[PDB]
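For neighbour counting, all protein chains shown are included, and Cβ atoms are generated from backbone atoms with ideal geometry for every residue, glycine included. Just so it is clear, none of the values below were taken in a lab; they were calculated from the coordinates.
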Amino acid sequence: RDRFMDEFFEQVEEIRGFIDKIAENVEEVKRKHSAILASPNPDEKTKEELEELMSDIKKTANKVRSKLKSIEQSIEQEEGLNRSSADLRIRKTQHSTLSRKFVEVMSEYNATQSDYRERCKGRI
């Protein structure tokens, strides 16, 4: 039927949710960074929580990267047919859109980490 595509859109919403979870973790990382920097004697528990957040981000990102690569490989396999279709184009659009959102969140995270490392170094 249209099982392949209806299942594809469900996979799109899954990836979107993951990207949104990364975004949410990135904001919490920013909060922990501030708390650690504003504290006269930082709490080890807080540092541990920051570590788990970073770990969670890295893990969810690999899931996103992996699912997006899979979608792209599928698109290219289809293109090896030297032919196009409405579904192929729909999939190509969702892949570039999800990719854009993913790149934006990871870029924000990398900038947040670089900034924190700079402040920790410039410190004590």
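Only one of (1) over 30 Å from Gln113 (Cα atoms); (2) free of Cβ contacts under 8 Å to residues at least 40 places away in the same chain; (3) surrounded by 13 or more Cβ atoms within 10 Å (Cβ to Cβ) fails for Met5. Which number is that?
All conditions pass for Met5, except number (2).
So, in region 28-51, of the ones that are of a type in the set (D, E, K, R) and surrounded by 11 or more Cβ atoms within 10 Å (Cβ to Cβ), which residue ends up farthest from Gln113 (Cα to Cα)? It would help to see each step written out before you state the result.
Step one: list which residues in region 28-51 are of a type in the set (D, E, K, R), which gives 28, 30-32, 43-45, 47-49, 51.
When the remaining residues are screened for being surrounded by 11 or more Cβ atoms within 10 Å (Cβ to Cβ), the result is 28, 30-32, 43, 47, 49, 51.
Details: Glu28: 12, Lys30: 9, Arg31: 12, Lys32: 12, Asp43: 19, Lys47: 14, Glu49: 15, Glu51: 12 Å.
Restricting to residues being of a type in the set (D, E, K, R) and surrounded by 11 or more Cβ atoms within 10 Å (Cβ to Cβ), the top hit is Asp43.
How do the pairs read when you match residues in region 40-69 that are farther than 14 Å from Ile22 by Cβ and without any contact (Cβ under 8 Å) to a residue 40 or more places away in the chain with residues anywhere that are of a type outside the set (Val, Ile, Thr) and assigned to a helix (DSSP H, G or I), using Cβ under 7 Å and keeping only pairs 6 or more apart or on different chains?
Correct list of pairs: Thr46/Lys32; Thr46/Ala35; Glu49/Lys32; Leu50/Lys32.
Would you pick out the residues in region 28-57 that are under 13 Å from the mean Cα position of the chain (by Cα) and either β-branched (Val, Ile, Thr) or within 13 Å of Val105 (Cβ to Cβ) (or both)?
Within region 28-57, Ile57 is the sole residue that qualifies.
Filter region 55-97 for residues that are in contact with a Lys or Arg (Cβ under 8 Å, 6 or more places away or on another chain) and among the hydroxyl-bearing types (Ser, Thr, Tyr); which is surrounded by the most Cβ atoms within 10 Å (Cβ to Cβ)?
This residue is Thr60.
Examine region 75-91 for a residue that is hydroxyl-bearing (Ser, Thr, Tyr) and part of a helix (DSSP H, G or I), and state whether such a residue exists. Can you show your working first?
Just the residues of region 75-91 that are hydroxyl-bearing (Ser, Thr, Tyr), to begin with: 84-85.
Right, trim to part of a helix (DSSP H, G or I) and you get none.
No.
What are the pairs with Cβ atoms under 6 angstrom where one residue, in region 89-107, is within 12 Å of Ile75 (Cα to Cα) and the other, located anywhere, is of a type in the set (A, V, I, L, M, F, W, C) and assigned to a helix (DSSP H, G or I)? Sequence gap at least six, or different chains.
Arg91/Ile75; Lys92/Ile75; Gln94/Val12; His95/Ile71
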